[PDB]
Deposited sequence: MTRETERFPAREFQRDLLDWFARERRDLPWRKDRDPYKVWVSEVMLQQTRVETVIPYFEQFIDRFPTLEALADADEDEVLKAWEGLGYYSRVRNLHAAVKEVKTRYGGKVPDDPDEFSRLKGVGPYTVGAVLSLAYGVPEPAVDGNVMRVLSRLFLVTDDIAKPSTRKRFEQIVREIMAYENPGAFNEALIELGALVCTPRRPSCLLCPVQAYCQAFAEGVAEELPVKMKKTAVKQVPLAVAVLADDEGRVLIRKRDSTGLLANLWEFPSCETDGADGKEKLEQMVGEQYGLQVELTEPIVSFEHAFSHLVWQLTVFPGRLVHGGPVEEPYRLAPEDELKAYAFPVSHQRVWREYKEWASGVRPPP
């Protein structure tokens, strides 16, 4: 494996200095900000993350401010980003950093990795970029790039394949400046060596790329096809009382959409009667106004919205809470239920 590591390095790092996007989290190397951006970037595109990162850092300018904030306030800031246990884990990890480590982000891989939500990629991403620690930062971009560079045909969906890529990076990483190197590989996959129609002709490391020589760039990386996924009808109801207040409820911390608020729903494995019975509060449910789909990575919801009129015969017991329409802004809903409300509003016109 006569791979000219140093030669390869100098070129890649040169192209990076010329073409790097000026992104908000690249203004400096504050471990806190880098860490926040890398969590936001997990399975989430850069252009999507930019506005979230700006508001989040404005609301929580430092690690302590995030640790000090309330769970609701943090989760509201994550509303719409998806995979919401990321922020549950980041909040807890930061709380841990505050109480245990006195505010400083641990610079040791094994100590940093021990924190919730910090997987192999985030360790390398945060520690290299912000501390100089030469740990690999292998994401989907890197895997695709390396798979083509070294013509690796292993299924990237296998945890072992990733472990191999990490070993490859180690073999070729620029230990002088690992952060800059790690980001360069990622940026490469993001800008040049794209999932489709890679610009190999413009690529700075074309010379070293084994997939280019064989003309199989498009066919890599190898990855098992995503399968079809379970469908799940859902019955949702918007119960408004005479005064205009609407009833909502906070989902439990274990499972789908943990700790997010929603409109009282039940899986329609009978329709309305199930909603009616479930809440068994003196509530009456009416014709379903609209139906639609909302997808997940591992299932698909088919929703049905039933307006109802709430009559007060008792108190509001947890998890349920009663909220005026004006104060719904304060609660973090998932996108599925955000649409439920919008359709309800348009209907009531």
I have the full deposited sequence and the modelled structure. Can you tell me which residue ranges, counted from 1, have no C-alpha coordinates? 1 to 5, 275 to 276, 288 to 291, 361 to 366
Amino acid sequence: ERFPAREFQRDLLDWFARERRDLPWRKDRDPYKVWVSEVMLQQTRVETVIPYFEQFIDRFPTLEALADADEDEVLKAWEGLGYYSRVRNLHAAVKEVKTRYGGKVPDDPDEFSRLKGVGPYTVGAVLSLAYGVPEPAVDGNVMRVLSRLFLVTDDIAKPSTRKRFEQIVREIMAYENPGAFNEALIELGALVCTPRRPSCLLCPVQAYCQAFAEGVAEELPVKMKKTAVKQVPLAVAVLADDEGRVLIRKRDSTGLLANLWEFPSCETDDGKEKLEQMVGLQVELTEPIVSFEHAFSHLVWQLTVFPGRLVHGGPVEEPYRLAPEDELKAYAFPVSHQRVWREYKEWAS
From here on, numbers count along this sequence of modelled residues.
Which is higher on average in the deposited entry, the C-alpha temperature factors of 19 to 27 or of 5 to 13? 5 to 13
Please compare 183 to 191 with 205 to 213 and say which has the higher mean C-alpha temperature factor in the record. 205 to 213
Looking at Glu47, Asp58, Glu38, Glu317, which has the biggest Cα B factor in the entry? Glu317
Between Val311, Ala65, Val34, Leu299, where does the Cα B-factor run highest in the record? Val311
Within-chain third of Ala228 by Cα B-factor, per the entry: highest
Chain thirds by Cα B factor, record data; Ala137 belongs to the lowest
Within this chain, which third does the Cα B-factor at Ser160 fall in: lowest, middle or highest? middle
Ranking the modelled residues of this chain by C-alpha B-factor as given in the entry, is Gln277 in the lowest, middle or highest third? highest
Based on the deposited C-alpha B factors for this chain, I'd like to know if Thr99 is in the lowest, middle or highest third. middle
